[PDB]
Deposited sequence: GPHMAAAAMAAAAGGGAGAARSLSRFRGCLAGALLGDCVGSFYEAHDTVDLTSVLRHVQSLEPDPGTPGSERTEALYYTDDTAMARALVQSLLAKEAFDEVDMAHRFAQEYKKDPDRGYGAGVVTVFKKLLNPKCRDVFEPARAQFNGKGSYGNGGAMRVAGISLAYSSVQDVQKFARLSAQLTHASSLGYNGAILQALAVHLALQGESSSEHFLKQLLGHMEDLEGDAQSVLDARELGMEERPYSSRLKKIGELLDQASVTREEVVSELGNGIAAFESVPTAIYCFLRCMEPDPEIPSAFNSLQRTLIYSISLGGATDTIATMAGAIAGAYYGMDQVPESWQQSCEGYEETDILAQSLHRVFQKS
């Protein structure tokens, strides 16, 4: 709500991400009718957050402590946050990275991520699940891309992983700018991803995994088709975009959820506002619901602002007040209000 990159959008962004994580986590690894029954419960801090929020908080606290990106600080905050509470539902592979980073002999904090999965790097969505803070801290598209990539590379060295983090950060960046058509929003994202996926390293990373050339671009083109298609079913969405833990099977899906739900949906009750129905729709897709909902929620919260964050939902979430203070701090320190 209000001006581009306003305090309301900053607070709404991080609150939306927390709601998606906490509420989404109920359904991780799902039918439209019975989701609507579950949010009835939310009509305090009983919903625990997961690794999505834990790593987002460490990322933001690194940015605030150094008033800049500092790979050693952030890498060590990721590792110490894991050491402090390892039971948040971290990916099975990424824990190896944290353990390597906990060794004081580790002098290049990017190298543990590069050894993952036979030296090809992770393409999991962990780099994207946490990246919204980057777009709160950085105004420029150039800086958003630069530090979404770097923050992700601390754990996700595959371009399939960090290009999902960039896409998700670009989406939040665009949402923080305010009102747009769904087609203009999508078109801008398509342009950026077409540019990034023209890079030789990206092409090789994708051909090695047997995927199409420009996987994110192809999925963003499918979003545009889906947005023009009649009677789109959840199975159709899952089949074309995915609902899994790969970044390329969850980040475009999160974006689709946001774009679709910019308009009312007769199949979800009018009493839910735009942020609420975006989260409800995301969870109804099943699969990796907490990360898809957390990412859709970050985009929607930045676009719709704090006035659409419902207190009853927010106050069910573990850490919601700290999440809010961190949002306000980013706005003070980086948006320099």
Against the full deposited sequence, which stretches does the structure leave out? 1-16, 46-48, 63-72
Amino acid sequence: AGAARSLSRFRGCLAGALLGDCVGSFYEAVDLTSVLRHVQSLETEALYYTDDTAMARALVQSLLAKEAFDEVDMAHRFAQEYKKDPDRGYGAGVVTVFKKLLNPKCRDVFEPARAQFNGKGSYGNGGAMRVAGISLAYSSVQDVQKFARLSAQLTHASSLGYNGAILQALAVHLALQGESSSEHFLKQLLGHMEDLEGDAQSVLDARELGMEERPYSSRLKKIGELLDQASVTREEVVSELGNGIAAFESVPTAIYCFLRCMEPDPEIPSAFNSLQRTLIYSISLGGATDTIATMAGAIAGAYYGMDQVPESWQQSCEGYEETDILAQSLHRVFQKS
From here on, numbers count along this sequence of modelled residues.
Would you determine, from the values in the PDB entry, which of 68-76 and 143-151 has the greater average C-alpha temperature factor? 68-76
Out of 201-209 and 173-181, which stretch has the higher average CA B-factor listed in the record? 201-209
Scanning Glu225, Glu194, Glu263, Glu249 for peak Cα temperature factor in the entry gives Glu263
If you compare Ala54, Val60, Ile299, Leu36, which has the highest Cα B-factor in the entry? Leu36
If you rank the chain by CA B-factor, which third does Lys221 end up in: lowest, middle or highest? middle
Binned into thirds over the chain's modelled residues, the C-alpha B-factor of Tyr27 lands in the highest
Relative C-alpha B-factor of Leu330, binned into the chain's lowest, middle or highest third: lowest
Assert third(CA B-factor, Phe258) within chain per record equals lowest
Would you mind checking where the Cα B-factor of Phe117 ranks among the modelled residues of its chain, as the lowest, middle or highest third? highest
